[PDB]
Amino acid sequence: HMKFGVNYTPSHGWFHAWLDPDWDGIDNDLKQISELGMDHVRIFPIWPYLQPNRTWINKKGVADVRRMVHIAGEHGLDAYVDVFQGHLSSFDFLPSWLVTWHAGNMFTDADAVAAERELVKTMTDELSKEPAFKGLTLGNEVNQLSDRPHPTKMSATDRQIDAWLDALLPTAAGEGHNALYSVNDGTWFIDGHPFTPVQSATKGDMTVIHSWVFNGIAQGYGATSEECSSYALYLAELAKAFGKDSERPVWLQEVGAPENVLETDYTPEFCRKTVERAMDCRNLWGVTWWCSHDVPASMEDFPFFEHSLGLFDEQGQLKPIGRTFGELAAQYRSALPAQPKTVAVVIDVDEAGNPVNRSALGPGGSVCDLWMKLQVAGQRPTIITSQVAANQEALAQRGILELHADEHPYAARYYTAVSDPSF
């Protein structure tokens, strides 16, 4: 069982729909998604609408989110909910009790962390009453608020982020759903970044990744290149290598076909090739495409390509990429899991299990180049850490037979941690 779903962008209003929900349109949105053969949706409430003061939660807003989940279920979809937005498509929505005169750190100020826990437990309790509610992700790429190049960064060490995760994630746990968090790919490509690969592959229930080829992959290897279409698979192999549990699932929680680096006509093939190659990771649990519906052209200041990331267009009509993704779901949702891999790329790690050189793993880095060279060569390479490579019974338990080390490392030549040159 391989899951196929979409990140749900309301067709009428986007995430501004929460201010005045058109429930007939939301219902129609999810009926279309379900008829495409999807089995789940990811849902994005707005934090400052849920919690506009630190000690006052908007109860109509919480019931709004529950209703969206319920309508989803009515159409046979599972629903996954992100809480701390927070960051969406280059916009930050932040509570006024955390900015300007009330500027604070959502990761390190105990007051904030206490209000965050209260909102998550409120969300979790009320949503668990819905059967369609299948998981809680703490927020969307919450790590982007924690380091450069964020212009109003809320700094923290990796040990403080450790405690932040340990404080929030139990509050989201519960019978019948997953507890998760999500990060952008700075977690693996940026040295000194306080969100770390070990956290991503040990805390919460699955290893969660977002695959975006506008981060240098497409510009550096080539939009139509095989490296470019192999990249979601590389991110999945990379992210799972840093867990103690070799079988921990990976959620390809975001993948899209960004038209600032791909040409429009190529996005259906990019979709088919990217998803086909991604399923060659036996740890892959699900694929969630970004996104269900185009962003209304009447809303400005988005980087232009965000308006056309939908599987459905501005009129709500199914696009070629949507037909492709729906055909993928019908072809692979019952496929057997990929065969194990016997060739491995070895990444050196500190005592804690985190990469000694994170810059080498990004687009155009020595590790990424090495994995791609083997992948294009047909070797089906997997990825392990130096702690595993040193242990012969650990190697034999995984069936590894051929090791490739990064002998002459260099930093990622292609990487850029920002979605549009304007930031």
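Numbers follow the displayed sequence, beginning with 1.
The deposited model assigns a higher average Cα B-factor to 331 to 339 than to the other stretch when 331 to 339 and 122 to 130 are compared.
Between 89 to 97 and 340 to 348, it is 340 to 348 that carries the larger average Cα temperature factor according to the deposited entry. Listed residues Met299, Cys291, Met154, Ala278 were ranked by CA B-factor as deposited; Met154 comes out on top. The entry assigns its greatest Cα B factor, within the set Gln397, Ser34, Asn28, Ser366, to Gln397. Split the chain's modelled residues into thirds by C-alpha temperature factor. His408 is in the highest one.
When the modelled residues of the chain are ordered by C-alpha B-factor, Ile384 sits in the highest third. Remark: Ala163 belongs to the highest third of its chain, ranked by C-alpha B-factor as recorded. The deposited CA B-factor of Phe107 belongs to the highest third of values across its chain. In the PDB entry, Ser246 places in the highest third of its chain by CA B-factor.
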